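**Q** The structure follows.
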Amino acid sequence: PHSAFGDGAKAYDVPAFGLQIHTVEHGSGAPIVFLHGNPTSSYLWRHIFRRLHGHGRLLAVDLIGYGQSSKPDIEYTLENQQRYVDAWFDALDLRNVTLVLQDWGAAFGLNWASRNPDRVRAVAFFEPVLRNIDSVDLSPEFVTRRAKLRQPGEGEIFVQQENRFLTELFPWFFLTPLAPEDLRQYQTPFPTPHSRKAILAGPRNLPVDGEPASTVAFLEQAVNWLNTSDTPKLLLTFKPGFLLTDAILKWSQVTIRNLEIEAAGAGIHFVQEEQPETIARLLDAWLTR
C-alpha cells in the first residue's frame, strides 16, 4: 500500500461473491474500520490512518466500485453495495469494532451496526450520508448538477463518458485545493467509462427532498439502533461542511443516543484531506476516553 499509510502497513484482497475487496491493515488489537464514500477509497484515510498507529487493528477498505477493488457490471443499488460490505465484515469476523465513517461509508457502516449491535464498540462519523437532505441546504451548483445526473443518459455522459465528476466537480468541492498528485491518485482507479459506474450511482442514490424514496427507507433502518443503542458515538462538525446540514445536525442531537459532537474546524466535505491533524487528534482523544 501507499507509504502515507505508514510503516508496517500491508494490503490484501478480501474475496466476496466472486470479487475482490482491497483492504489496508496495520497493527493489532480491537478493530478500527475506516469506510470512505463517493468518489474516493481507502487512500482518503491515509493521514488519519497513519496518525492512529497503535490504537488497535486499523482496517481501511476500498468499497466495491472503487479504488483497487473489483468494478463489476452491477447496478450500484444500496442493497447491492451493502451486501459486499456485509461480506467483508463476515470474512474478517470482527467484534468489539470501532467504525470511523464518512459520506456513503456512514450509510453502510451504520446499516451494518444496526443489524450487528453485539459486534460494535463505538462509532465516529462525519460528513455522513445519514438522512434525507433539503435541497435548499446544499450547494446549489451540486443540486443542479445532481438533477441533471438523475436524467437517463445525461448522467452517464457527464460522469462516465466525459469524466467531469472526477475532473471538475470533485476537485471543486475542496476548501484547500487538492494537490495535483493527490487528484491523480483519486483518478487512477477510473481509466474507463465503465470503471466510473459507481460514481454516478452515488448522487442518484443520495436522498434530496425526499427522492429517491428507497434511499429514505434504506437509511431509516439504522434509526432505531442510533436512538436506542448505548454504544458511544462521535460526530465531528465543520464550517461550512456540506452534507451535515443544520437540520440534520439538529436531528442527530435530538434523536441519536450517547452522541458526543465536537467542532473540528474549517472544511467542506473531503475533510480527511482538509483537517487530517485535527481529526486524528480528536479521534485519538476520543478512543482514549
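Swiss-Prot numbering applies to chain A: residues 12-300, in that order.
Header entry for method reads X-ray crystallography, 2.0 Å.
Cβ coordinates come from backbone N, Cα and C, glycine included.
Summarising the annotation, Swiss-Prot assigns active site, nucleophile to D114. According to Swiss-Prot, the active site, proton donor annotation covers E138, on the basis of sequence analysis. The active site, proton acceptor annotation in Swiss-Prot covers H280, and the record cites sequence analysis as its basis.
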**Q** Using a Cβ-Cβ cut-off under 8 angstroms and a sequence gap of six or more, which residues of the chain neighbour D114 (active site, nucleophile)?
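**A** Sequence-distant Cβ neighbours: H47, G48, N49, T51, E138, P139, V140, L254, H280.
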**Q** Look up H280 (active site, proton acceptor) in the DSSP assignment and report helix, strand or coil.
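**A** Assignment for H280 (active site, proton acceptor) reads coil.
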**Q** So for the residue listed as 'active site, proton donor', how many other CB atoms are inside 10 Å of its CB?
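**A** A count of 25.
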**Q** Looking only at Cβ atoms, how many others are within 10 Å of the one on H280 (active site, proton acceptor)?
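**A** A count of 24.
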